[PDB]
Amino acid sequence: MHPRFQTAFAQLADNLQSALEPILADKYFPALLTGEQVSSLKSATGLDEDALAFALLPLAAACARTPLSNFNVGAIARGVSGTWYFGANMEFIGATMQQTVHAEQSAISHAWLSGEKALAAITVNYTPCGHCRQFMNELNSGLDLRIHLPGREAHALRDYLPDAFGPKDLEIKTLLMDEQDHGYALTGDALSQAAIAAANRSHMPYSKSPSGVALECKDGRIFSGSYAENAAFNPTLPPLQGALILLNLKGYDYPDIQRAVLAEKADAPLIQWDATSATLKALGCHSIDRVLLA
């Protein structure tokens, strides 16, 4: 089992531990659970979903990277698929606060990127900051998203975000997790195509600047991120971050990053380039290439 889970795992309940140990066994346990696993989990313990999710939090939080805060936050997004995706915050020393990733964004994009069509609920070990409540309201699940916090009843997003601002305010009709395909031709090597492919699924109704980032690991593994705009602009999820979320959740570490490509239009109104390299360099990867969309 991935050491990141060591401690957490140890404070889990005996029957839960047993049910889990087989799954967590793999270092490369993908920080996710299929329906089937959930069911199994539910039988070995007498937990109901909600209780199960709360019970897994600490594992989701085990994946956090917080050199600054030291404030571990885990989240679990529940697919309409039955799959549960873990999420955890990340802070990058050498960059800016604007580069940070919240547990919630982590889980939701984990899910989105993985192909999930919609979420039903999300569970966090801490009340969501306003930045995340706003991030949440961009999804096709709307104000209905259900949110579970420890020691609280469940509530819909609408309750956490009264009189909310969202895509409708801007006359935006396509929501995050809705089906998208911008249609750019994939070209170049693998990495280039992984980037372009991500740019293709990007959510960018406000600025109309598609973008994607793909990261190649030592072992030739390839994690890629899609750009995700937000109505309030600022909470937008830059493409780099997408990739790093996957990369981390999945058991990898920065240093395993071999090379990275970024794809975008040259003439787009918004430009990912600088923030991408910068942060990437901050992480120690100077191998950045960019590919121009068309």
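Just count from 1 along the sequence shown to find any residue number.
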Check your understanding: Do the C-alpha atoms of 117-125 or of 176-184 have the higher average B factor in the entry?
Key -> 176-184
Review point. Higher mean Cα B-factor in the deposited model: 12-20 or 272-280?
Key: 12-20
**Study point:** Candidate residues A103, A214, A111, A154, the one whose C-alpha B factor the record puts highest
**Key:** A154
Review point. Out of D48, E229, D26, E264, which residue has the highest Cα temperature factor in the PDB record?
Key: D26
Practice item. Comparing against every modelled residue in the chain, figure out the third that the C-alpha B-factor of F233 lands in (lowest, middle or highest). Key: lowest
Point to revise | Record-listed C-alpha B factor of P205: chain third | key: lowest
Review point. If you rank every modelled residue in this chain by C-alpha B factor, which third holds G242: lowest, middle or highest?
Key: lowest
Exercise for review: Could you look up the Cα B-factor of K168 in the entry and say which third of the chain it sits in: lowest, middle or highest?
Suggested key: highest
Exercise for review: Would you mind ranking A53 by its C-alpha B-factor against the rest of the chain and naming the third, lowest, middle or highest?
Suggested key: middle
